[PDB]
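As a plain string of letters, each chain reads:
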Amino acid sequence: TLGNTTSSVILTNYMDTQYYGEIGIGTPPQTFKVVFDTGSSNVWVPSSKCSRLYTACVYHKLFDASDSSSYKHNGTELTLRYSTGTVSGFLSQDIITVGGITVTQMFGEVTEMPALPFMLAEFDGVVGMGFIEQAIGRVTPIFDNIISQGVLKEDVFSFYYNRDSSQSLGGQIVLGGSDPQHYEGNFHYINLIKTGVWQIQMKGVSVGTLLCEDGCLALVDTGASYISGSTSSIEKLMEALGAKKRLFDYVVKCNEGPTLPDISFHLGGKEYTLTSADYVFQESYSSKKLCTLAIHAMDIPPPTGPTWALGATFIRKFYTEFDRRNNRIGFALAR
Ligand SMILES: CCN(C(=O)c1cnc(C)nc1NCc1ccco1)[C@H]1CCCNC1
C-alpha cells in the first residue's frame, strides 16, 4: 500500500568516516544521533541502564525509558555482533520520529557498549535499514513499519553522502524516493543476489582486472566508512598499489597518493571507477608523511560473507537507491 509522501533526513558528515542524522524517541522526544545502516536490520541506542563503567555510556546520549510516557516494556535480551564490535542490551518499544514520520518501533536499549570502537563514534546509535530476515530477535525493522502506514510514495530509500567534512549539507536520506538535486545521469540497477541482504553480484575488481575474476559478492553498506574486501583480497589489492600494512589500515607515502591508479568495481554491466582522490585521505603531499587509504580488510563471516563491502568511500561518488519493491540497488553519479 503506497501513499503520496516523500521525506528526508539531513545528515552530518564527521571527517568522511561517519554519516549520521537525528531521530527522536519517546514522549517527550529524546534526540539521538544515529547511523542509517543498510548492513544491519536493528534499531538501537545506548540506555540509561548502561553501567557508567562503560565510558562510552558516559560520553553519549542515553535513552531513559523512565522519562518517556509512551514507552512499552519488553525486556528480551539482544546481542548485536558487528564486524567492528559488539553491543548488548534488551528490547523496548516506543514512538520514534524520523524525518517527521512517526512510528511505533521495537528497538534495543544498549547496556554493554565497549570503549573500542564506541568511544570513537560521534553517533549514539544505529538505525538498521536492512531486512527483517537479518534482524536479531525477528524485530520488524523501522522502514518496514513506515511502509505499513501507507504514506510513502515508493517502497524505496536513497543515500547521498557529501565529500565536505561547515556551510555544507553532510548528506541526505530520502525515505520514499530519491532527490534529483543530488544525482545526474540515469540510474543503473543491480538486482539482489540473496534473501534479506542489501548484497549484489560483483563481476571483477580492477586496478589500472586482477581480483574477483570468476565472480564475488558486494554488500552495499551505508553504515561502513570504507570499502572492504577479505584479508587475502585486500592483500593483493594493496601490493598492487604499493601500500604498507599497519594495524587497522593501509597507508601510502603522501607524495605517492596522487600517482595511485584507479580502482574499478564491475557491477551489473557497468564499471564503477574510483580515482586516488576518491580513496586517499590526502592530508599532505610530503614524502615524510603517511596518508591512509579508505579501503581496509574486513573478513565478514557466513552466511553474509565472505564478501566485499562498499561503504561511504563508494557512496560519496555514487548516489544509491535501495529499492525494496523490486529487490534492487540503483547507482547514479552523485552531485
Ligand atoms: C555502525 C556500526 N558499523 C561500523 O562500521 C562502524 C563502527 N565503528 C564506528 C566508529 N563507525 C562505524 N560506522 C561509521 C559510518 C557511519 C556511516 C558510514 O560509516 C557497521 C557494522 C556492520 C554493519 N554496517 C555498519
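Residues numbered from 1 in each chain as written, not as in the entry; some residues may be left out. Heavy atoms only, no water. Residues with missing side-chain atoms left out of burial classes, pairs and counts.

Structure determination for this PDB entry is given in the record as X-ray crystallography, at a resolution of 2.2500 Å.

## A short note on the sheet that holds strand 12 (residues 199-202)
One open sheet accounts for five strands, arranged 12-14-22-15-21; its pairing is mixed. Where the open sheet ends on each side, the last strands, each with one partner, are strand 12 and strand 21 (295-297). Across the sheet, the mean angle separating the axes of adjacent strands is 25° when strand polarity is ignored. Of the strand pairs in this sheet, strand 15 (residues 227-229) and strand 21 are connected by three bridges, and their pairing is parallel. Looking at the pairing, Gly229 lines up with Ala297 of strand 21. Across the sheet, helix 4 (residues 231-241) lies against strand 15, strand 21 and strand 22 (308-310), angled at about 135° from strand 21, the strand it touches most. (Pairing = 2+ DSSP bridges. Helix = DSSP H or I, 4+ residues; strand = E, 2+ residues; numbered from the N terminus. Axes fitted to C-alpha atoms, helices over the stretch in contact; angles between N-to-C directions. Contact = heavy atoms within 4.5 Å.)

## Comments concerning the nonpolar core
Membership of the largest hydrophobic core comes to 71 residues, with the highest contact counts inside it found for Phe36, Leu175, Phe265, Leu267, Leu293, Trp308 and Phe331. Lining this core are residues from two domains, each supplying at least three of them: domain 1 (6-178) and domain 2 (179-334). Each residue touching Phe36, except ones within four places of it in the same chain, is listed here: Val9, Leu11, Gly21, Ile23, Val98, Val127, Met129, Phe159, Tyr161, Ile173, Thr222 and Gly223. In terms of nonpolar packing, the next biggest core, distinct from the first, is built from 18 residues, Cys57, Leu78, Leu80 and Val110 among them. (Core = buried A, V, L, I, M, F, W, Y, C linked by side-chain atoms within 4.5 Å. Buried < 20%, exposed > 50% of the residue type's maximum accessible area, 1.4 Å probe, protein only. Domains from an automatic or database assignment.)

## Notes on unusual backbone geometry
A cis geometry characterises the amide bond from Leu116 onward to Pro117, with omega recorded as 10°. Among the secondary structure elements, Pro117 is positioned in helix 2 (residues 115-118). Looking along the chain, the bond that leaves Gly305 and enters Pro306 is cis, with omega of 0°. Looking at the element boundaries, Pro306 is found in the loop between strand 21 and strand 22. Of note, the phi angle at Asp16 is positive, near 65°, even though the residue is not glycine. Its location among the elements puts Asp16 in the loop between strand 1 (7-14) and strand 2 (18-25). Notably, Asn327 is not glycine yet its phi reads approximately 45°, a positive angle. Among the residues examined, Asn327 registers a relative accessible area of 37% and is labelled partly exposed.

## Considering the packing of aromatic side chains
The geometry of an aromatic ring pair is captured by two quantities: the separation of the ring centres and the angle between the planes. For the structure on display, the rule yields 24 aromatic pairs. Arranged with centres 6.2 Å apart and planes meeting at 70°, the rings of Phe157 and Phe159 form a pair that is edge-to-face. Look at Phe159 and you get buried, because its relative accessible area is 0%. Ring centres 4.6 Å apart and planes at 55° place the aromatic pair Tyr183 and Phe187 in the tilted group. Judged by its relative accessible area of 16%, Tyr183 is buried. Directly above the aromatic system of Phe32 lies the positively charged group of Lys61, at a separation of 5.6 Å from the ring centroid. Geometry around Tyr272 places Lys270 over its ring, the cationic atom sitting 4.4 Å from the centre. (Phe/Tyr/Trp six-rings, centres within 6.5 Å; stacked < 30°, edge-to-face > 60°. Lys NZ or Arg CZ within 6 Å of the ring centre and 35° of its normal.)

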